[PDB]
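Q: You'll find model25.tsv just under this line, and it carries TSV, C-alpha atoms.
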chain	number	residue	atom	x	y	z
A	13	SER	CA	88.76	109.75	109.76
A	14	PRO	CA	85.82	109.23	107.32
A	15	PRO	CA	83.45	106.78	108.98
A	16	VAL	CA	83.88	103.01	108.43
A	17	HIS	CA	81.32	102.18	105.69
A	18	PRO	CA	78.39	99.95	106.87
A	19	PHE	CA	79.54	97.22	104.46
A	20	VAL	CA	83.06	97.16	106.04
A	21	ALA	CA	81.96	97.61	109.68
A	22	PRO	CA	81.76	93.85	110.48
A	23	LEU	CA	85.47	93.59	109.55
A	24	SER	CA	86.45	96.76	111.45
A	25	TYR	CA	88.57	94.62	113.85
A	26	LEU	CA	91.16	94.35	110.98
A	27	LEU	CA	91.76	98.07	110.61
A	28	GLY	CA	95.26	99.09	111.72
A	29	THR	CA	98.77	97.77	111.40
A	30	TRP	CA	99.84	94.22	112.52
A	31	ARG	CA	103.34	92.99	112.90
A	32	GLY	CA	104.64	89.54	113.81
A	33	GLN	CA	106.33	86.61	112.23
A	34	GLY	CA	105.46	83.65	110.16
A	35	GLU	CA	106.74	80.27	109.16
A	36	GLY	CA	106.77	78.78	105.70
A	37	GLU	CA	107.06	75.00	105.05
A	38	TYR	CA	106.21	73.01	101.95
A	39	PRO	CA	107.25	69.54	100.73
A	40	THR	CA	109.45	71.27	98.13
A	41	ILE	CA	111.33	73.92	100.35
A	42	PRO	CA	113.20	73.57	103.65
A	43	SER	CA	111.25	75.35	106.47
A	44	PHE	CA	111.84	79.07	107.07
A	45	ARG	CA	110.72	82.02	109.29
A	46	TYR	CA	109.93	85.55	108.14
A	47	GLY	CA	108.91	88.89	109.67
A	48	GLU	CA	105.57	90.28	108.38
A	49	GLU	CA	103.68	93.58	108.64
A	50	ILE	CA	100.07	93.99	107.36
A	51	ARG	CA	98.11	97.19	107.23
A	52	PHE	CA	94.36	97.31	106.66
A	53	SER	CA	93.09	100.83	105.98
A	54	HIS	CA	90.13	102.41	104.33
A	55	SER	CA	88.83	105.66	102.86
A	56	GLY	CA	85.11	105.46	103.78
A	57	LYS	CA	84.17	103.22	100.82
A	58	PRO	CA	82.80	99.71	101.01
A	59	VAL	CA	86.31	98.24	100.59
A	60	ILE	CA	89.29	97.69	102.82
A	61	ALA	CA	92.77	98.24	101.40
A	62	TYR	CA	95.33	95.63	102.33
A	63	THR	CA	99.12	96.03	102.13
A	64	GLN	CA	101.71	93.52	103.38
A	65	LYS	CA	105.46	93.22	103.39
A	66	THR	CA	107.78	90.47	104.56
A	67	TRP	CA	111.44	90.40	105.46
A	68	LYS	CA	114.07	87.86	106.36
A	69	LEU	CA	113.99	87.59	110.14
A	70	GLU	CA	117.74	87.77	110.82
A	71	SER	CA	119.15	90.23	108.22
A	72	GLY	CA	116.08	92.53	108.07
A	73	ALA	CA	116.41	92.67	104.25
A	74	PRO	CA	113.10	93.22	102.38
A	75	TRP	CA	111.64	89.97	101.03
A	76	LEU	CA	108.25	90.08	99.34
A	77	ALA	CA	105.22	92.35	99.35
A	78	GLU	CA	101.60	92.22	98.24
A	79	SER	CA	98.61	94.51	98.19
A	80	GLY	CA	95.00	94.52	97.31
A	81	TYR	CA	91.45	95.04	98.47
A	82	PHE	CA	88.91	93.18	100.65
A	83	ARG	CA	85.26	93.54	99.57
A	84	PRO	CA	82.85	92.13	102.25
A	85	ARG	CA	79.04	92.06	101.58
A	86	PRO	CA	76.38	91.95	104.20
A	87	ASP	CA	75.20	88.39	103.25
A	88	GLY	CA	78.55	87.25	104.78
A	89	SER	CA	80.30	86.70	101.42
A	90	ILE	CA	83.60	88.40	100.62
A	91	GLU	CA	85.95	88.71	97.64
A	92	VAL	CA	89.60	89.74	98.00
A	93	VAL	CA	91.88	90.71	95.11
A	94	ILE	CA	95.61	90.69	95.61
A	95	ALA	CA	98.69	91.57	93.45
A	96	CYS	CA	102.08	90.16	94.63
A	97	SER	CA	105.55	91.61	94.06
A	98	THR	CA	106.50	88.23	92.47
A	99	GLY	CA	104.04	88.99	89.63
A	100	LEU	CA	101.31	86.72	90.86
A	101	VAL	CA	97.64	87.93	91.12
A	102	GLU	CA	94.79	86.23	93.00
A	103	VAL	CA	91.09	86.56	93.19
A	104	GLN	CA	90.00	84.99	96.48
A	105	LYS	CA	86.34	84.34	97.32
A	106	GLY	CA	84.72	83.01	100.46
A	107	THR	CA	82.94	84.03	103.62
A	108	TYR	CA	83.42	85.91	106.86
A	109	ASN	CA	82.00	84.87	110.26
A	110	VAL	CA	81.21	87.73	112.60
A	111	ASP	CA	80.75	85.53	115.70
A	112	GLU	CA	84.07	83.80	115.21
A	113	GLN	CA	85.97	86.81	113.73
A	114	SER	CA	87.29	84.64	110.94
A	115	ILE	CA	87.57	84.90	107.06
A	116	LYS	CA	87.80	81.83	104.87
A	117	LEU	CA	88.96	82.34	101.27
A	118	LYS	CA	89.72	79.97	98.37
A	119	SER	CA	91.21	81.19	95.06
A	120	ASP	CA	88.78	81.55	92.19
A	121	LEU	CA	91.76	82.63	90.06
A	122	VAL	CA	95.51	82.44	90.39
A	123	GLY	CA	97.07	84.62	87.68
A	124	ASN	CA	100.46	84.54	86.04
A	125	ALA	CA	101.78	81.49	88.05
A	126	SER	CA	101.38	78.29	85.98
A	127	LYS	CA	102.95	75.95	88.67
A	128	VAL	CA	100.27	77.16	91.24
A	129	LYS	CA	96.86	75.48	91.12
A	130	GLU	CA	95.02	76.99	94.12
A	131	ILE	CA	95.72	79.17	97.05
A	132	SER	CA	93.51	79.38	100.11
A	133	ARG	CA	93.78	82.01	102.84
A	134	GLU	CA	92.09	81.91	106.21
A	135	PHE	CA	92.32	84.64	108.85
A	136	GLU	CA	91.15	84.40	112.44
A	137	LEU	CA	91.55	86.81	115.32
A	138	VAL	CA	92.93	84.57	118.20
A	139	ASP	CA	93.44	86.27	121.59
A	140	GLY	CA	93.47	89.76	120.07
A	141	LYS	CA	96.02	88.73	117.48
A	142	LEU	CA	95.56	88.31	113.77
A	143	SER	CA	96.46	84.81	112.55
A	144	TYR	CA	96.41	83.24	109.08
A	145	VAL	CA	97.10	80.12	107.23
A	146	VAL	CA	97.94	80.20	103.54
A	147	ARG	CA	97.59	76.89	101.73
A	148	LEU	CA	98.94	76.18	98.29
A	149	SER	CA	98.34	73.38	95.84
A	150	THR	CA	100.59	72.91	92.82
A	151	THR	CA	100.79	70.83	89.61
A	152	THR	CA	103.17	68.73	91.76
A	153	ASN	CA	101.39	68.76	95.16
A	154	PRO	CA	97.85	68.71	96.87
A	155	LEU	CA	96.37	71.73	98.75
A	156	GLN	CA	98.26	72.00	102.04
A	157	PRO	CA	99.64	74.59	104.51
A	158	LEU	CA	102.47	76.75	103.19
A	159	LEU	CA	102.47	79.81	105.45
A	160	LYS	CA	101.24	80.45	109.01
A	161	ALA	CA	101.64	83.56	111.06
A	162	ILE	CA	100.37	85.32	114.14
A	163	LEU	CA	100.70	89.10	114.36
A	164	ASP	CA	100.21	91.67	117.09
A	165	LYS	CA	98.20	94.83	116.50
A	166	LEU	CA	100.34	97.97	116.77
B	14	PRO	CA	118.11	101.44	99.96
B	15	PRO	CA	119.74	102.20	96.54
B	16	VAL	CA	117.80	101.68	93.31
B	17	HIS	CA	118.13	98.14	91.91
B	18	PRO	CA	119.78	98.18	88.47
B	19	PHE	CA	116.59	96.61	86.78
B	20	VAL	CA	114.66	99.64	88.34
B	21	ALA	CA	117.25	102.33	87.47
B	22	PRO	CA	115.99	102.99	83.86
B	23	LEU	CA	112.47	103.77	85.26
B	24	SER	CA	113.81	105.77	88.21
B	25	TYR	CA	112.15	108.93	86.75
B	26	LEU	CA	108.78	107.41	88.01
B	27	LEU	CA	109.83	107.24	91.67
B	28	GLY	CA	107.86	109.64	93.88
B	29	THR	CA	104.35	111.05	93.92
B	30	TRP	CA	102.40	112.35	90.91
B	31	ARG	CA	99.19	114.31	91.10
B	32	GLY	CA	96.82	115.53	88.35
B	33	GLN	CA	93.54	114.83	86.69
B	34	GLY	CA	92.08	112.66	84.03
B	35	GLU	CA	89.04	112.26	81.79
B	36	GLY	CA	87.19	109.13	80.86
B	37	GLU	CA	85.03	108.55	77.83
B	38	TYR	CA	83.76	105.38	76.18
B	39	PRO	CA	81.00	104.78	73.63
B	40	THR	CA	78.73	103.60	76.54
B	41	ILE	CA	79.92	105.99	79.27
B	42	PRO	CA	79.17	109.78	79.14
B	43	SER	CA	82.38	111.76	79.49
B	44	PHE	CA	83.66	112.37	83.12
B	45	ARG	CA	86.69	113.85	84.87
B	46	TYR	CA	88.53	112.79	88.04
B	47	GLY	CA	91.49	113.73	90.16
B	48	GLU	CA	94.31	111.22	90.50
B	49	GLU	CA	97.44	110.62	92.57
B	50	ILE	CA	100.02	107.88	91.90
B	51	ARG	CA	102.92	106.91	94.10
B	52	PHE	CA	105.86	104.85	92.76
B	53	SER	CA	108.19	103.52	95.37
B	54	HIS	CA	110.81	100.81	95.89
B	55	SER	CA	112.80	98.96	98.57
B	56	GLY	CA	115.96	98.10	96.58
B	57	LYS	CA	114.43	94.97	94.88
B	58	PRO	CA	113.97	94.79	91.07
B	59	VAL	CA	110.32	95.86	91.55
B	60	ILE	CA	108.55	99.26	91.88
B	61	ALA	CA	105.45	99.38	94.02
B	62	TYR	CA	102.59	101.34	92.53
B	63	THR	CA	99.61	102.79	94.48
B	64	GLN	CA	96.96	104.94	92.88
B	65	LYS	CA	93.80	106.77	94.09
B	66	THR	CA	91.23	108.83	92.29
B	67	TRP	CA	88.58	111.24	93.55
B	68	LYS	CA	85.70	113.38	92.38
B	69	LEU	CA	86.79	116.89	91.44
B	70	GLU	CA	83.73	118.75	92.72
B	71	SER	CA	83.53	117.20	96.24
B	72	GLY	CA	87.05	115.73	96.71
B	73	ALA	CA	85.18	112.44	97.46
B	74	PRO	CA	87.37	109.32	97.34
B	75	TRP	CA	86.50	107.37	94.27
B	76	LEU	CA	88.53	104.28	93.17
B	77	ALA	CA	92.00	102.92	94.11
B	78	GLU	CA	94.47	100.43	92.77
B	79	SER	CA	97.77	99.01	93.77
B	80	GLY	CA	100.36	96.62	92.37
B	81	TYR	CA	103.91	96.16	91.15
B	82	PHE	CA	105.98	97.04	88.06
B	83	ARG	CA	108.65	94.46	87.19
B	84	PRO	CA	111.07	95.75	84.57
B	85	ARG	CA	113.76	93.46	83.14
B	86	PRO	CA	116.94	94.38	81.39
B	87	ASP	CA	115.83	93.03	78.01
B	88	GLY	CA	113.41	96.00	77.94
B	89	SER	CA	110.40	93.77	78.89
B	90	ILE	CA	108.13	94.63	81.76
B	91	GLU	CA	105.26	92.93	83.62
B	92	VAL	CA	102.85	94.91	85.80
B	93	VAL	CA	100.35	93.26	88.20
B	94	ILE	CA	97.46	95.36	89.50
B	95	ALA	CA	94.58	94.75	91.91
B	96	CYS	CA	91.71	97.33	91.78
B	97	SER	CA	89.26	98.42	94.51
B	98	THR	CA	86.44	97.48	92.08
B	99	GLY	CA	87.45	93.79	92.44
B	100	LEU	CA	89.42	93.41	89.18
B	101	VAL	CA	92.96	92.12	88.81
B	102	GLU	CA	95.21	92.60	85.80
B	103	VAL	CA	98.40	91.08	84.54
B	104	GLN	CA	99.82	93.57	82.01
B	105	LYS	CA	102.86	92.71	79.78
B	106	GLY	CA	104.90	94.92	77.49
B	107	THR	CA	108.11	96.97	77.08
B	108	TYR	CA	109.62	100.19	78.32
B	109	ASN	CA	111.79	102.42	76.21
B	110	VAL	CA	114.32	104.71	77.82
B	111	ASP	CA	114.77	106.85	74.61
B	112	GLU	CA	111.04	107.55	74.19
B	113	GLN	CA	110.48	107.72	78.01
B	114	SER	CA	107.53	105.38	77.63
B	115	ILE	CA	105.97	102.14	79.05
B	116	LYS	CA	103.49	100.25	76.86
B	117	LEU	CA	101.45	97.43	78.32
B	118	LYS	CA	98.65	95.15	77.12
B	119	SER	CA	96.76	92.79	79.41
B	120	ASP	CA	97.64	89.12	79.29
B	121	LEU	CA	94.93	88.60	81.88
B	122	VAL	CA	91.88	90.50	83.27
B	123	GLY	CA	90.50	88.69	86.28
B	124	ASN	CA	87.09	88.80	87.98
B	125	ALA	CA	85.39	91.08	85.37
B	126	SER	CA	83.35	89.01	82.97
B	127	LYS	CA	82.54	91.83	80.49
B	128	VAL	CA	85.97	93.46	80.41
B	129	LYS	CA	88.03	91.59	77.73
B	130	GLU	CA	91.35	93.56	77.50
B	131	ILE	CA	92.92	96.59	79.02
B	132	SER	CA	96.06	98.39	77.71
B	133	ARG	CA	97.96	101.04	79.65
B	134	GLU	CA	100.62	103.31	78.04
B	135	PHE	CA	102.60	105.80	80.06
B	136	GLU	CA	104.91	108.52	78.68
B	137	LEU	CA	106.91	111.30	80.35
B	138	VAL	CA	106.17	114.46	78.31
B	139	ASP	CA	107.77	117.74	79.35
B	140	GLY	CA	108.42	116.26	82.82
B	141	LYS	CA	104.71	115.31	83.30
B	142	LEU	CA	103.39	111.78	83.46
B	143	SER	CA	100.83	111.16	80.71
B	144	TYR	CA	98.86	108.02	80.16
B	145	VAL	CA	96.21	106.43	78.11
B	146	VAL	CA	94.15	103.36	79.25
B	147	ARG	CA	92.25	101.53	76.47
B	148	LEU	CA	89.50	99.01	77.25
B	149	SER	CA	87.66	96.35	75.23
B	150	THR	CA	84.53	94.75	76.44
B	151	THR	CA	82.44	91.82	75.26
B	152	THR	CA	80.67	94.23	72.81
B	153	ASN	CA	83.14	97.09	72.22
B	154	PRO	CA	86.56	96.87	70.50
B	155	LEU	CA	89.72	97.98	72.27
B	156	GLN	CA	89.65	101.79	72.33
B	157	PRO	CA	90.62	104.65	74.64
B	158	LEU	CA	88.80	104.92	77.96
B	159	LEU	CA	91.00	107.06	80.28
B	160	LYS	CA	93.54	109.80	79.61
B	161	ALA	CA	95.35	111.65	82.36
B	162	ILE	CA	98.25	114.05	82.94
B	163	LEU	CA	100.01	114.25	86.34
B	164	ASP	CA	102.62	116.62	87.77
B	165	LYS	CA	105.45	115.33	89.88
B	166	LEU	CA	105.32	116.57	93.51
Kindly return the structure encoded in the file as structure tokens.
A:
Amino acid sequence: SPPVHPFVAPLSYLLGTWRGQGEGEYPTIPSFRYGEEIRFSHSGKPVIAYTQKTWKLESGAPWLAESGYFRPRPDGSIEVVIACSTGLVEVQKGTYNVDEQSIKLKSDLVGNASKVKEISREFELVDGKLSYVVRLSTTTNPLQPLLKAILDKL
Amino acid sequence: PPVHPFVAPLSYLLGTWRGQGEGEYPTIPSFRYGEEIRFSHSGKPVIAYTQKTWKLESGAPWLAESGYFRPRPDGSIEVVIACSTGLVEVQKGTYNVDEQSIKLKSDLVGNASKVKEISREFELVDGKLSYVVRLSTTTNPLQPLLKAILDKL
């Protein structure tokens, strides 16, 4: 109930809880589905808190989780910092587009994962639903899609 | 779910802690803050950590951080933290069941060009959670920055 800070207001469409499912595929793995829930919340500051958890679609058993903070600026730039339950950290930097309701991020740092070279994350509201693509590049492989999901707002 | 065996030795952390701290550093004039930390789990060998601080006078939200504690049965532990200020940390160290303590030093501080290292040491004293955070910057040696004491709710 504190007001959305003017710096966060252009991203106010994110605030709430989203739940849906994703798909992971990478040249290394065989392809898999997962349930996902993301919550974007705030406390009146110029940051949005992000928390996410995934689960195996059929058993319901908890899978992974991550959490962090989205820091939009009014020039349209944004940095996002994320810690993952696997022990990875990321600093993502990029831009947001108000007209298109999208966010395009590429990793400036991937921490504590030597096999990982870059991670990119793009969000886009499509038909009222929050969608994303995560791309990963490794010491083995080029930057390519890894995870895609579309989630409904609760 | 039940506590994972890797998590069991640190199960004393699980729940919500509330108290206050004080920060001081040769460049910063001394300041106090309120703080609340929540340690939780979902049966995996990982504890989720979320923290917030506020101004004592006004109750105004101040800073927040969140991440994960990953204890292993050799007594090692890795902690990954992302901060509302735009920092990330990978902290590595040990926990000691006897001394009820966790001692961590950063392997990595990300996105903060003048912060060089951060160490975080927790101890349960008399049932309260106490910690010390030490910081080194480009121009100041590693030394204490934050000290806090929290009561379990």
Q: Using only C-alpha atoms, which residue out of A:86, A:80, A:112, A:39 lies closest to residue A:21?
A: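 For residue A:21, the nearest of the given residues is A:86.
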Q: Tell me as a PyMOL selection string which residues belonging to chain A come within 10 Å of chain B, counting all atoms listed in the file.
A: chain A and resi 55-63+73-83+91-104+120-124
Q: Given the point (103.5, 90.4, 107.2) in the file's coordinates, find the residues that have an atom at most 7 Å from it, counting only C-alpha atoms, and give them as a list in words.
A: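 Residues satisfying the cut-off, written out: residues 31, 32, 33, 47, 48, 49, 50, 64, 65 and 66 of chain A.
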Q: Please compute the atom CA of residue B:49-atom CA of residue A:53 distance, one decimal, in Å.
A: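 Between atom CA of residue B:49 and atom CA of residue A:53 the gap is 17.2 Å.
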Q: For a cut-off of 10 Å around (104.7, 97.1, 76.1), file coordinates, pick out all residues using all atoms listed in the file and list them as an MDAnalysis selection string.
A: chainID B and resid 88:91 104:109 114:119 132:135
Q: Which polymer residues have any atom within 6 Å of an atom of stretch 159-161 of chain B, counting all atoms listed in the file, with same-chain residues fewer than 3 positions away left out, as JSON, numbers by chain?
A: {"B": [33, 34, 35, 36, 143, 144, 145, 146]}
Q: Tell me which protein, DNA and RNA residues are within 9 Å of residue A:165, counting all atoms listed in the file, leaving out same-chain ones fewer than 6 positions away, and put them as a list in words.
A: residues 26, 28, 29, 30, 31, 32, 140, 141 and 142 of chain A
Q: Excluding residue A:117 and its own-chain neighbours fewer than 2 positions away, which residues fall within 9 Å of it when counting only C-alpha atoms? Please give them as an mmCIF file with C-alpha atoms, in the frame of the given file.
A:
data_model
loop_
_atom_site.group_PDB
_atom_site.id
_atom_site.type_symbol
_atom_site.label_atom_id
_atom_site.label_comp_id
_atom_site.auth_asym_id
_atom_site.auth_seq_id
_atom_site.Cartn_x
_atom_site.Cartn_y
_atom_site.Cartn_z
ATOM 1 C CA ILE A 90 83.600 88.400 100.620
ATOM 2 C CA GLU A 91 85.950 88.710 97.640
ATOM 3 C CA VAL A 92 89.600 89.740 98.000
ATOM 4 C CA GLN A 104 90.000 84.990 96.480
ATOM 5 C CA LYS A 105 86.340 84.340 97.320
ATOM 6 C CA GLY A 106 84.720 83.010 100.460
ATOM 7 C CA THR A 107 82.940 84.030 103.620
ATOM 8 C CA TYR A 108 83.420 85.910 106.860
ATOM 9 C CA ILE A 115 87.570 84.900 107.060
ATOM 10 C CA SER A 119 91.210 81.190 95.060
ATOM 11 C CA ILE A 131 95.720 79.170 97.050
ATOM 12 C CA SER A 132 93.510 79.380 100.110
ATOM 13 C CA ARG A 133 93.780 82.010 102.840
ATOM 14 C CA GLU A 134 92.090 81.910 106.210
ATOM 15 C CA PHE A 135 92.320 84.640 108.850
#
Q: Find the distance between atom CA of residue B:64 and atom CA of residue B:47 and write it in Å to one decimal.
A: 10.7 Å
Q: So, with all atoms listed in the file as the atoms that count, which of B:137, B:16, B:125, B:155 lies closest to residue B:30?
A: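 So, comparing all the options, the nearest one is B:137.
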Q: Distance atom CA of residue A:127-atom CA of residue A:89, one decimal place?
A: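 Value for the atom CA of residue A:127-atom CA of residue A:89 distance: 28.1 Å.
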Q: Skip residue B:166 itself and residues of its chain fewer than 5 positions away, then list as number ranges by chain all residues within 12 Å of it, counting all atoms listed in the file.
A: B: 26-32, 49-52, 140-142
Q: Give the padded box for stretch 124-129 of chain A as lines of an AutoDock Vina configuration file: axis-aligned, covering all atoms listed in the file, 3 Å on each side, centre and edge lengths in Å to one decimal.
A:
center_x = 99.9
center_y = 80.0
center_z = 88.6
size_x = 12.1
size_y = 15.1
size_z = 11.3
Q: For each of A:70, A:164, A:130, A:136, take the minimum atom-to-atom distance to residue A:114, counting only C-alpha atoms, then give the residue where this is smallest.
A: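 Of all the options, A:136 lies closest to residue A:114.
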Q: Using all atoms listed in the file, which residue out of A:85, A:166, A:36, A:41 lies closest to residue A:147?
A: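 Of all the options, A:36 lies closest to residue A:147.
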Q: Could you tell me which of B:128, B:164, B:158, B:84 comes closest to residue B:22 if we count all atoms listed in the file?
A: B:84
